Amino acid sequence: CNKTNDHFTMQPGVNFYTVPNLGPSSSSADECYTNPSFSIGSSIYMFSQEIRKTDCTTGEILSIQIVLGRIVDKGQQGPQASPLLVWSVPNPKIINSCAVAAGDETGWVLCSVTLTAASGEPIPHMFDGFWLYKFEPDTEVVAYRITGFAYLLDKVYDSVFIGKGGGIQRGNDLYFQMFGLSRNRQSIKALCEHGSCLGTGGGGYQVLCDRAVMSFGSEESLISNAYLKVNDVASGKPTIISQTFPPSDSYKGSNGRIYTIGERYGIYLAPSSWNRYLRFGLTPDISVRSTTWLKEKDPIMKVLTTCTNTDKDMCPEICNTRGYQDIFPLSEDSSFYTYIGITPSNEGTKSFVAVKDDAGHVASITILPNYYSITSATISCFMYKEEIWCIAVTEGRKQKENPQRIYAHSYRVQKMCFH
């Protein structure tokens, strides 16, 4: 189909098939499965999950399970998951966060660690560098510790977390996103994009904007986002450099994702503050200056938020948002993308899946109607049986009584040529 003259429609199919056994999962009520990462490669997929005790946010990290596997036909209607290796991150109590990336037959887990006490116990919310784990079918896991000998951040970070969305490989480099506390001696003017907001008073919402990026109310400590580059992975001596987004080009730092989009890249930034619209940029090279942000507002995070602002004007305020609902671009310009929306109910949440075009037409389909709640979504698509398919990995509870768990469902995107 001549991409020049012919026109095209993209739509979510009718079915939302289970992809069981993408990762293992236990039945224990005492445990919560949280902060997944999912990256599909040319032939492999990588998946990470954190198993925490009691609390899904501050609960002790009992374990971080990594899965290397393959997406395959098992005869079933949709694509299925064949796990190749199941592995635990060692010394999980010292981990801040970990994310994954898939290449050809090679996966990566990048983990940011915190300072350990003399006692050996964690010094919470700090930064002792990184662990990079290299995963290859039927080969042993390889471990590269990245301390200050082999990493150079562009600010002084007291905490470093890896964006749960995961990363991408490009030649000999990997690309991930990070967030944490940087140290600032610069005056700030934070990004303050809202709609019709009629509250003047002192600097007003720009003062509120400036304050919502600070940690603990001091411009000396910002919660910041950064591109994280891993160089020279073929050497066995990888290094790590960072490019931090300044407050004028970002909201409060958050979990994010890096995307290969054609020969360029993209970046998702889950809301963490007052501005709960889609924060997705494109960049021909992974750099803060060449990053352009999409004018798309949907998905709008309307869940896991202490925010009280309207989705229509999103007026700034000091509030805390905790979700994750990325997109997967379906065209070179992200002109079409797919996403899951999640809306609060009087009891739980209700979700839809959607493909959206440049023009604001949305083809949505309600999903998981017999689930009690779904609270996150990371989606990765691929070619399978010569059709566009996606897997959406989603936290939630099939039953309210149940502990939080992570599920994978599959769906097709129909590409309709109109010749």
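When you see a residue number, it is the position in the sequence shown, counting from 1.
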So which stretch wins on mean C-alpha B-factor, 227 to 235 or 185 to 193?
185 to 193
Going by the average Cα B-factor in the PDB entry, point out whether 196 to 204 or 68 to 76 comes out higher.
196 to 204
Taking the Cα B-factors listed in the entry, which of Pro271, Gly129, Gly120, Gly180 comes out highest?
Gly120
Listed options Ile61, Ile388, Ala392, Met46: highest C-alpha B factor recorded at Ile61
Temperature factor at the Cα of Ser25, chain-ranked in thirds, falls in the middle
Where the record places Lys93 (Cα B-factor, split into thirds across the chain)
highest
Looking at the C-alpha B-factor of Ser42, is it in the lowest, middle or highest third of its chain?
highest
Lowest, middle or highest third: where is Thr338 by C-alpha B factor in its chain?
lowest
Pull the Cα B-factor of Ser287 out of the PDB entry and bin it into the chain's lowest, middle or highest third.
lowest
